[PDB]
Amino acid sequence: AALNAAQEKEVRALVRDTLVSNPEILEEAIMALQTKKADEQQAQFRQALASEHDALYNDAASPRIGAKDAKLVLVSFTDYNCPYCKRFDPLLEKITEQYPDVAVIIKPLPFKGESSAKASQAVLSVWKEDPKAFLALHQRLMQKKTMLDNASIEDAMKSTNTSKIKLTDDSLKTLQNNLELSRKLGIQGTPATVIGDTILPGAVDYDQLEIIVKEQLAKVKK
């Protein structure tokens, strides 16, 4: 609404024209990227959670398994082709409303491949249009053994009534927010679950996960 369609499309042509005509802009943006990675990589961890509370716990684009109004919320960084995530996600859903004032926030990651980014792109695109339709797709993207492809996924989005949903480019923005966050939180292992100022890197026994979520509910008010 700031720019008109005629203005808006000329700008889109200029982006292409400028980067190719002046490639020096690109290498500058490359070194600037490799630098910002280091700025986040060599940061202080706890103060990341105090400064990243709004992106972790208050992202409207981040899928949630459980109640939207809960006192304790877990954040699970996951990959749909990672065997350990497939082994832990069920443990994360069972704690949801066996312990009802606890919910789980999903942060999909593109670590193990292109399908990981692709599967994430599907899951995030679904979350905005029909949030309740997320779960069925989420479980089968997880419970499907082997590295999914666009073909394996076209079967998955179809066993969940989510095939009319288009993978948006804006859903890719969120996947990135999750990716920068893993670095800011210093996570290069998945699964990773944030449960209140602390991170859980790896698969943990249910009865231990059980104790942890209870200890963090003691950490809250009355």
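In this text, residue numbers run from 1 along the sequence as written.
Take the C-alpha B-factors listed in the entry for 21 to 29 and for 210 to 218, compute each mean, and give the stretch with the larger one. Higher mean C-alpha B-factor: 210 to 218.
Going by the average Cα B-factor in the PDB entry, point out whether 51 to 59 or 166 to 174 comes out higher. Higher mean C-alpha B-factor: 51 to 59.
Could you say which of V104, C85, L91, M147 has its CA atom at the highest B factor, as listed in the PDB entry? If I rank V104, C85, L91, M147 by C-alpha B-factor, first place goes to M147.
Can you pull the Cα B-factors for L141, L109, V75, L135 from the entry and say which is highest? Spelled out: the listed residue with the top C-alpha B-factor is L141.
State the tercile, meaning the lowest, middle or highest third, of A151 with respect to the CA B-factors recorded for its chain. As the PDB entry reports it, the C-alpha B-factor of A151 lands in the middle third of its chain.
Which third, lowest, middle or highest, does the CA B-factor of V204 fall in along this chain? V204: CA B-factor falls in the highest third of its chain.
When the deposited Cα B-factors of this chain's modelled residues are ordered and cut into thirds, is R46 in the lowest, the middle or the highest one? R46: CA B-factor falls in the highest third of its chain.
By the record's CA B-factor, is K36 among the lowest, middle or highest third of residues in the chain? Lowest third.
For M157, the third of its chain into which the C-alpha B factor falls: Tercile = highest for this residue's CA B-factor.
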